[PDB]
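Secondary and tertiary structure notes
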Amino acid sequence: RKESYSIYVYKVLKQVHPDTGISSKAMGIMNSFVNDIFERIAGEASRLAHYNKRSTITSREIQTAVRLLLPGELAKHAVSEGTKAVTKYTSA
DNA sequence: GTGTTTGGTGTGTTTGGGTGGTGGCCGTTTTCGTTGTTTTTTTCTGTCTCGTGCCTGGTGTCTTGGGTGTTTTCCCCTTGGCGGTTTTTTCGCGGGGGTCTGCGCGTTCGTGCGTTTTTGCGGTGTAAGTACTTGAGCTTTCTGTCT
């Protein structure tokens, strides 16, 4: 039962485009994409942590990594989204 | 332009097989209290970067000469392109065989974690003779007494 991001990418698609489906080949592309972005961000956060002699990866490390990797408006909106989500989550 | 006339998008009906939706369940996310620590916080020292100031002259830079090398034009000679025909092998489906990749079960020895030992690496705890000083001995005078 080798695990994947499929259910979520289909949930998000159904939210943004209720009448649009997804081929298996394109679904594979999305899984690869998610995995790749995950590894870019986590790796940058790891480097940041090591440089500053810290042992925990917190939201600050992730935010900075996002700012370093995502170009322009992609970064600005991603940061907004991430901040909104961690705000909503802490205040439950 | 007028004109034919090969290429390409729009239209319709038909097929199917591949995506979406649902049932079953199990394994992974969580709800909880406790531990232990990696933060964060404040307060310290005191490094290093910013700021200014003066003087020198290496460098920048404005400008005249000019010449050469880039831009365009004319001509060519040729080598890719488009087409027709023949070749052939890529590819498709089916069948057969075997290797080797993955699960599971058993373990042993290899590494992490610890107390401990240690070298490098680095901080700094004799006999003389002269000059000077000091302590013992006795003067003046002045102040009190006293006939």
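Structure: above.
This section reports on the structure supplied with the text. (Residues numbered from 1 in each chain as written, not as in the entry; some residues may be left out. Chains lettered and ligands numbered in written order. Part of a larger assembly, values for the part shown. Heavy atoms only, no water.)

What follows deals with the layout of surface pockets. The volume enclosed by the largest pocket comes to roughly 290 Å³. Around the largest pocket, the lining residues are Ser59, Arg60, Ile62, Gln63, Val66, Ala78, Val79, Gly82, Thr83 and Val86. Counting only elements with at least two residues in the lining of the largest pocket, the list comes to helix 3 (59-69) and helix 4 (73-90). Here the lining of the largest pocket is composed, by residue class, of 5 nonpolar, 4 polar and 1 charged. (1 Å grid on protein atoms, 1.4 Å probe; cavity = no way out; pocket = protein on both sides within 12 Å on 5 of 7 lines; lining within 4 Å. Points joined across faces, edges and corners; volume = space filled by probe spheres on them. Helix = DSSP H or I, 4+ residues; strand = E, 2+ residues; numbered from the N terminus. Nonpolar A, V, L, I, M, F, W, Y, C, P; charged D, E, K, R; others polar.)

On to the protein's contact with DNA strand B, then. Close to DNA strand B lie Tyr10, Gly21, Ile22, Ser24, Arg54, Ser55 and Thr56, which account for all nearby residues. Within 4 Å of the protein, the contacting atoms of DNA strand B are drawn from sugar and phosphate to the extent of 100%. The class makeup of the residues in the surface near DNA strand B is 2 nonpolar, 4 polar and 1 charged. (Near = heavy atom within 4 Å.)

The next subject is the side chain of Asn31. Within the secondary structure, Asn31 is located in helix 2 (residues 24-51). Overall, the relative accessible area of 15% leaves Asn31 in the buried class. In this view, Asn31 contacts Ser4, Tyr5 and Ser6; residues no more than four positions away in its chain are not counted. (Buried < 20%, exposed > 50% of the residue type's maximum accessible area, 1.4 Å probe, protein only. Contact = heavy atoms within 4.5 Å.)

Let us look at the pattern of salt bridges. Per the counting criterion, the structure on display carries 3 salt bridges. Note that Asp36 and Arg40 form a salt bridge whose closest N and O atoms lie 2.7 Å from each other. One end of the pair, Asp36, and the other, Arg40, are both in helix 2, 4 residues apart, so they sit about a helical turn from each other. For the salt bridge of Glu44 with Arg47, the shortest nitrogen-to-oxygen distance reads 3.2 Å. Separated by 3 residues within a single helix, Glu44 and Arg47 lie in helix 2, roughly one turn from each other. Given a relative accessible area of 39%, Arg47 falls into the partly exposed group. (Salt bridge = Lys/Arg side-chain N within 4 Å of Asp/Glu carboxyl O.)

Bear in mind that shape data such as this cannot, by itself, settle questions of function.
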